[PDB]
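Protein chains in written order, with the UniProt record's numbering: chain A, 74 to 277; chain B, 74 to 277; chain C, 1 to 254; chain D, 1 to 254; chain E, 1 to 254; chain F, 41 to 242; chain G, 41 to 242.
Where is the CB? At the ideal position from N, CA and C, for every residue including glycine.
Reviewing the structure listed below.
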């Protein structure tokens with residue numbers, strides 16, 4: 074019926090993934106976040122996406138942030154994903170954060186969560202989970218073997234979020250990214266995989 | 074006149090039911106709520122619904138929460154009803170709360186109350202209060218007799234609301250769910266029942 | 001037809017015919033059909049089953065005098081569960097078990113001997129989804145639920161603990177809303193009713209489910225002089241109307 | 001054509017022809033083509049390259065009996081990587097290296113000697129994007145990745161560590177979804193398959209990339225009496241279908 | 001169709017369908033229908049009863065695997081009484097008892113496992129009005145008559161005292177006249193027959209009466225090498241065709 | 041496309057619910073057949089259950105089914121005779137509607153919808169399990185008796201005993217396949233219990 | 041459908057407002073009739089009141105009425121002679137508009153709208169109570185004199201004394217039924233006092 078159909082299946086949204094940065098923020102005292110593209114590590118969301126290799130996507134995701142408590146506090150954040158191409162900000166001062174080209178949105182914590190959509194970037198027709206081969210040419214040393222999984226096409230740039238201040242933050246924040254899928258066309262579904270955990274990031 | 078007519082009668086809305094969870098929250102220190110579907114236990118609202126067995130429903134209900142004082146405080150909550158089918162979250166960490174399929178809404182306490190509508194789920198044509206028979210087949214032991222009332226069709230999944238945080242909440246919240254009925258068509262009304270209280274949950 | 005004043009004749013006299021069963025009552029009140037409906041075969045759209053139903057029309061549809069009950073001047077009313085009673089009897093009941101996915105309606109005839117005075121009219125009604133409720137110790141704490149025997153007495157009937165309550169929240173008086181006719185039997189005699197359907201599911205196994213049950217409880221105390229015959233019997237006969245079965249497989253008593 | 005009951009004849013008998021190579025099997029099951037597609041030449045729109053491809057049709061397209069493998073009653077299945085196998089052979093492989101920007105499909109024929117009983121059917125399937133996954137020490141901590149030899153064994157095949165897993169998350173049973181046919185060889189004989197494309201990029205060097213690999217693993221243990229001939233060989237021959245090359249320049253084994 | 005020389009194909013392969021029962025035999029001989037007749041519903045003119053018959057078509061008409069019997073290399077044949085066997089089974093048998101005025105025909109399927117040699121063909125035939133006759137002490141003086149169990153064994157079968165005689169005057173050899181087919185099972189496999197009617201009375205209670213009985217007795221001794229599997233099972237399934245009942249009233253086992 | 045279509049492609053219920061069998065699935069798959077008593081033997085008994093039951097659960101249908109609170113539809117099952125070609129045998133397969141107990145015998149099973157297997161040149165036979173339900177949709181999840189929940193039961197038996205050629209081995213194997221009928225539905229898609237991780241992958 | 045329709049189906053005012061009678065309703069229902077003085081006897085007096093009065097209140101009409109702040113409309117009442125068929129008797133039934141006191145006698149009642157009961161073969165007789173109000177709508181709730189509130193009064197009397205056949209018992213019973221007229225209205229639906237619980241069911 075309606076629910077069974079693909080759109081309903083996809084339409085459901087879940088947490089893409091979240092990170093928490095403590096106020097003390099040993100991890101980031103500066104509290105800059107340079108985030109990997111990889112949704113992929115999170116199993117649950119990813120697998121579903123994996124399920125249909127080929128999709129034409131317009132995707133909207135929402136940003137919500139809170140402390141580990143979930144308490145909100147007033148901070149204003151700036152948001153960016155430069156690309157993978159761009160330099161990634163070293164620190165609070167970091168040059169990149171002033172970003173000409175690289176897109177940024179500024180919203181207050183107080184401000185209601187912001188939602189945006191992103192195009193299907195990949196240079197490849199699609200992002201396919203499985204990759205067979207090496208991004209690189211040459212003899213494959215044992216050490217090299219790490220390479221095997223990677224598919225360069227399905228690789229995206231990092232995200233940067235920094236609380237704006239010379240000083241260090243009073244309060245913590247969590248990325249708590251939510252993604253929802255727009256109406257989807259998908260092709261050539263592939264079976265779900267559950268495996269032992271070879272390692273992350275994993276082609277699975 | 075207008076008021077007498079059914080729609081007016083139904084249109085009136087009341088508290089479906091509420092629960093309060095203390096900050097200390099002995100009940101839920103975690104403060105997770107896994108809520109039963111049963112509106113039914115609450116007499117007043119339910120009886121009216123009982124009054125017309127058959128309805129085609131679109132129903133909207135609103136969420137408001139406050140402490141037992143009614144004081145509001147800033148927390149951000151996540152809302153879910155997985156289905157009855159889904160696992161129900163053990164704890165704060167609980168896996169389920171990251172919910173792919175199961176619907177969730179996130180709103181701040183600060184954020185204005187959210188209203189949503191729900192379809193007439195039941196696999197049965199309608200949910201009828203009275204059930205005659207047993208959901209189960211077999212000899213009916215005295216102990217078994219508890220079963221008698223239950224009507225599996227008019228059974229719905231639980232709700233989960235959890236304050237979002239690893240830690241335990243500063244502040245309490247109350248479910249304070251309000252439901253309003255949309256324009257209704259109803260059939261084969263049944264008389265109101267007031268009885269001694271056999272027990273809850275009760276078929277009555 | 002009749003208004004309060006208006007009264008015709010030969011309304012009272014009626015005959016009922018069913019498969020090789022007939023009942024006639026000289027005195028009667030016009031038959032009442034529930035909710036202005038008459039029984040019908042479940043629609044194609046309606047039926048989920050995708051299993052071709054079987055309707056033994058003739059054998060299935062007949063009056064069965066399942067039981068006769070005696071009366072007391074005042075007695076607790078007792079309830080006849082529809083499904084069990086038919087099941088208990090055969091062939092129909094036997095057929096049901098194999099056939100177990102079962103749904104049907106029926107026409108009901110109850111006859112009693114008549115006395116002139118016939119005070120202490122008894123009211124009979126069928127209520128769909130009759131659900132019993134216990135005292136629960138009368139504390140209300142007890143939270144106990146009714147016995148199996150009570151719930152489906154097996155057409156023994158079930159004497160009503162408290163008639164007004166009807167052992168359910170519903171007040172007795174309101175009960176009138178559901179279709180019924182009362183037998184003072186001064187007014188009328190053996191009543192005739194045909195029962196239209198409320199079926200939640202167009203087809204049920206219905207072994208478990210009871211479409212509804214019949215309750216017979218006198219509103220009024222009977223009164224007679226000593227001389228008059230003390231015993232006022234009541235008998236019930238019913239013929240199920242359209243019945244269909246699926247779930248051919250093995251028959252269970254349950 | 002056939003439904004479960006329906007069976008024609010001469011479905012089993014088939015001949016395959018390719019450039020100066022022919023295979024016939026008396027016994028066969030109707031050929032399955034993947035995803036209802038047949039191989040084709042990459043479209044102009046599709047092709048980025050802007051380098052005119054070369055298709056040696058004839059030489060390229062032929063059955064090659066790259067290797068024959070013996071069988072064990074139970075043996076680990078092993079995987080044939082498509083790209084390497086062709087490459088290893090020549091001219092085609094040799095052509096590939098120079099030609100290195102390469103894409104193609106192929107038709108696959110696998111033949112075995114037949115025994116009447118032919119229990120212990122073996123299932124062969126090709127899965128696109130076959131990716132291996134390691135135990136990683138079975139701690140899971142180890143986070144180790146598969147050997148080069150393992151990944152592209154060079155058409156030695158690769159014996160499967162754990163068949164159900166297939167050394168990948170995918171459960172074996174689900175594998176059926178991808179097109180395949182199984183050889184009990186009681187049922188059938190040398191299978192024929194033609195492989196339609198899933199190609200991420202319409203043209204790849206494809207030296208690095210493998211279109212897919214073939215896995216041959218018996219679902220069932222073989223069983224025979226002692227007298228019966230112990231050795232049940234399997235051989236594979238394939239002819240690549242439309243192949244096109246670009247990247248004329250120097251050939252690398254890699 | 002075939003003459004002695006002529007042989008077609010797919011005569012042997014056949015499927016039989018009945019109400020939710022199917023049997024297929026790869027190997028078969030063309031079905032024989034008795035006396036060039038096929039079963040039919042008793043005509044209005046024919047039927048005395050003036051009681052409307054009931055035909056549960058579907059439930060009544062189905063293959064029942066009432067019993068499976070093992071074989072001996074040589075074994076006495078045993079007879080299946082038609083009426084009892086159906087009666088024993090239910091619903092059909094159960095229905096019969098209530099329904100007791102009963103008449104029907106049926107299609108019969110008997111299946112066995114096949115061995116290549118399948119020597120020792122067994123001949124099965126149904127003879128209407130099979131009447132047993134006793135030795136009567138072999139003096140002939142005794143004038144004794146057969147046991148109840150013997151006459152209607154209740155689908156246990158009845159092993160034949162002396163096959164040639166068939167415990168009746170009729171010589172065995174002549175038996176061929178009545179329609180039958182033999183299973184060497186080398187030649188054929190599970191036979192199919194549909195039995196047309198000889199009914200003395202267009203409707204009978206037929207509880208007492210048996211339309212006919214089936215006898216299965218090998219003309220030939222089975223022979224096999226020791227190695228070959230010693231056990232050659234036979235199974236019988238039958239589906240009664242048009243069956244009608246009257247005499248609704250109480251069911252008696254008898 | 042639709043998940044159900046995926047379901048259609050292939051789901052196989054576990055022949056036997058054994059840890060060992062499940063863990064090493066091939067073992068589970070085989071259902072042994074031997075020369076036996078011609079009848080009265082029970083090849084095996086299976087449960088209808090939606091995939092709350094192990095065999096379905098393991099299957100793709102089960103996995104998807106788990107996702108969906110309710111499942112409705114009819115299932116197709118296939119059986120194949122792997123066992124020796126020369127050897128022949130007949131078996132009865134029966135399906136029984138809910139409300140009965142497990143057939144617990146060949147005859148009983150037969151009363152319910154049944155089919156007979158010649159098994160011969162046609163390797164495989166397909167059982168069909170009709171959708172029969174009081175309710176249009178049944179819950180995927182059972183575990184507690186609900187009339188709506190419980191699909192029913194299935195069983196296998198020996199219509200005839202196994203007979204084998206001298207050459208042919210006494211024993212034989214049968215494999216079971218499962219499929220989804222064209223009309224399959226599930227409702228209110230939600231999460232799946234099946235996959236979780238205790239600890240963050242991160 | 042509409043509640044009023046439900047009201048239409050059947051509401052019966054308590055014949056007598058007694059705790060005992062109310063608690064055991066059958067007792068209440070009977071209104072005794074006996075051989076009496078032919079006239080001057082008061083069978084009973086009833087109050088119009090909207091269901092603030094007990095008898096209506098208990099009724100469905102009362103229950104709904106309680107919900108509605110105001111009720112308007114006319115009520116139908118029926119009486120039946122349960123008492124011995126052979127015995128005959130005539131009674132007068134009277135309805136009186138508001139503003140008077142209770143009739144307190146047969147004659148007085150008669151002045152107001154009245155009907156006479158032969159009671160015979162026709163078991164039941166129907167009184168009708170017309171809607172008469174200064175205001176289109178009256179409040180459901182009374183309890184304090186408001187002209188708008190108070191419907192009026194009704195009474196029963198003996199047009200003739202009960203006469204009984206020797207066989208027939210001296211006493212006889214009459215039962216009262218109540219109904220709602222086609223035109224019934226209530227306004228501003230709100231809560232009902234009637235059902236509450238001291239403690240949470242939960």
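How far does the alpha helix (DSSP H) with residue 243 of chain F in it extend, from its first residue to its last?
No answer is possible for residue 243 of chain F: the residues shown for chain F start at 41 and end at 242.
May I ask you to list, following chain order, the residues of the segment 127 to 147 of chain F that have a beta carbon less than 7 Å from some beta carbon of chain C?
136, 137, 139 and 140
Nearest to residue 61 of chain C by CA position, among C/161, C/78, C/89 and C/231, is which residue?
Sequence index remark: in the third chain, residue 61 of chain C carries index 61 (1-based). Selected option, being the one with the closest Cα: C/89.
Spell out a yes or no on whether the segment 16 to 26 of chain C and the segment 165 to 177 of chain B are touching, meaning 3 or more CB-CB pairs, one atom from each, closer than 8 Å.
no
Which bits of chain E does residue 201 of chain F rub up against, with CB to CB less than 7 Å?
Within the sixth chain, the letter at position 161 stands for residue 201 of chain F. What residue 201 of chain F touches in chain E: 113, 231 and 233.
Closest to residue 255 of chain A by CA distance: which of A/162, A/136 and A/85 is it?
In the first chain, residue 255 of chain A corresponds to position 182, counting from 1. It is A/85 whose Cα lies nearest to the Cα of residue 255 of chain A.
Assuming residue 128 of chain C contacts residue 30 of chain C under a Cβ cut-off of 8 Å, what Cβ separation, rounded to an integer in Å, is found between them?
Counting from one through the third chain, the residue named residue 128 of chain C turns up at place 128. Counting from one through the third chain, the residue named residue 30 of chain C turns up at place 30. Their Cβ separation, rounded to whole angstroms, is 22 Å, which puts residue 128 of chain C and residue 30 of chain C out of contact at 8 Å.
Give the residues of chain G in contact with residue 117 of chain B, contact being defined as C-beta atoms less than 9 Å apart.
The residue you call residue 117 of chain B lines up with position 44 of the second chain. Neighbours of residue 117 of chain B on chain G, chain order: 231, 232, 235, 236 and 237.
is_contact[residue 213 of chain G, chain B] using C-beta, thresh 8 Å
Within the seventh chain, numbered from 1, the residue matching residue 213 of chain G stands at position 173. Chain B contact via Cβ: absent.
How about residue 61 of chain F: is its C-beta nearer than 8 Å to some C-beta of chain C?
Indexing the sixth chain from 1 puts residue 61 of chain F at position 21. No, its Cβ sits nowhere closer than 8 Å to a Cβ of chain C.
Which residue wins for smallest C-alpha separation from residue 250 of chain E, given the options E/94, E/86 and E/76?
Translated into the one-based positions of the fifth chain, residue 250 of chain E becomes position 250. Checking every option, the nearest Cα to that of residue 250 of chain E belongs to E/94.
DSSP three-state assignment for residue 190 of chain E, whether helix, strand or coil:
Here residue 190 of chain E refers to the residue found at position 190 when the fifth chain is read from its first residue. In the structure shown, residue 190 of chain E sits in coil (DSSP, three-state: anything other than H, G, I, E or B).
Smallest Cα separation from residue 123 of chain A: which of A/82, A/272 and A/203?
Here residue 123 of chain A corresponds to residue number 50 of the first chain, with the count starting at 1. Ranking A/82, A/272 and A/203 by Cα distance to residue 123 of chain A puts A/203 first.
Alpha-carbon to alpha-carbon, residue 68 of chain C and residue 192 of chain G
Within the seventh chain, numbered from 1, the residue matching residue 192 of chain G stands at position 152. Within the third chain, numbered from 1, the residue matching residue 68 of chain C stands at position 68. So the alpha carbons of these two residues sit roughly 49 Å apart.
Using the Cβ count rule (16 or more neighbours within 10 Å means buried), how would you classify residue 107 of chain C?
The sequence position of residue 107 of chain C within the third chain is 107, counting from 1. With 16 or more other Cβ atoms within 10 Å, it is buried.
Would you list, in chain order, the members of the segment 50 to 76 of chain C that have their beta-carbon closer than 8 Å to a beta-carbon of chain E?
52, 54, 56, 58 and 59
Assuming contact is defined by CB atoms lying nearer than 8 Å, are residue 178 of chain F and residue 96 of chain F in contact in what I supplied?
The residue labelled residue 178 of chain F in the question sits at position 138 within the sixth chain. The residue labelled residue 96 of chain F in the question sits at position 56 within the sixth chain. No. Outside cutoff.
Just to confirm, are residue 59 of chain E and residue 92 of chain E a CB contact at a threshold of 8 Å?
What you label residue 59 of chain E is simply residue 59 of the fifth chain in a count that begins at 1. What you label residue 92 of chain E is simply residue 92 of the fifth chain in a count that begins at 1. In contact: residue 59 of chain E and residue 92 of chain E (Cβ atoms closer than 8 Å).
Using CA atoms only, rank isn't needed, just tell me which of D/202, D/226, D/206 and D/188 is closest to residue 73 of chain D.
Counted from its first residue, the fourth chain places residue 73 of chain D at position 73. Cα-wise, what sits closest to residue 73 of chain D is D/226.
Can you list, in chain order, the residues of the segment 193 to 207 of chain B whose Cβ is nearer than 8 Å to any Cβ on chain F?
194, 196 and 197
Kindly indicate which three-state DSSP category residue 116 of chain F falls into: helix, strand or coil?
Counting from one through the sixth chain, the residue named residue 116 of chain F turns up at place 76. Strand, per DSSP.
Using a beta-carbon distance cut-off of less than 7 Å, what residues from the segment 154 to 184 of chain F approach chain B?
175, 176, 177, 179, 180 and 181
For residue 253 of chain A and residue 139 of chain A, believed in contact at Cβ under 8 Å, the rounded distance
The residue given as residue 139 of chain A occupies position 66 in the first chain. The residue given as residue 253 of chain A occupies position 180 in the first chain. That pair is no contact at about 19 Å.
Based on DSSP bridge pairs, tell me the residues matched to residue 121 of chain F.
Here residue 121 of chain F corresponds to residue number 81 of the sixth chain, with the count starting at 1. Partner(s): F/214.
Residue ranges of each alpha helix (DSSP H) run of no fewer than 4 residues wholly in the segment 123 to 199 of chain D, ordered along the chain?
148 to 151
Let me confirm a value: residue 179 of chain A is counted as buried when at least 16 other C-beta atoms fall within 10 Å, else exposed. Which label applies?
One-based indexing of the first chain puts residue 179 of chain A at position 106. Under this definition residue 179 of chain A is an exposed residue.
Is it buried or exposed, residue 142 of chain A, if we count other Cβ atoms within 10 angstroms and call 16 or more buried?
For this step, residue 142 of chain A is matched to residue 69 along the first chain. That one is buried.
Run of the alpha helix (DSSP H) containing residue 98 of chain E, from where it starts to where it stops
Here residue 98 of chain E refers to the residue found at position 98 when the fifth chain is read from its first residue. Here the alpha helix (DSSP H) through residue 98 of chain E covers 92 to 98.
Rounded to the nearest angstrom, what separates residue 214 of chain C and residue 241 of chain C at their Cα positions?
Taking the first residue of the third chain as position 1, residue 214 of chain C is located at position 214. Taking the first residue of the third chain as position 1, residue 241 of chain C is located at position 241. C-alpha separation (whole angstroms): 16 Å.
Quick test of your reading: residue 177 of chain B and residue 151 of chain B, contact by CB under 8 Å. State the CB separation rounded to the nearest angstrom.
One-based indexing of the second chain puts residue 177 of chain B at position 104. One-based indexing of the second chain puts residue 151 of chain B at position 78. 6 Å between Cβ atoms; contact.
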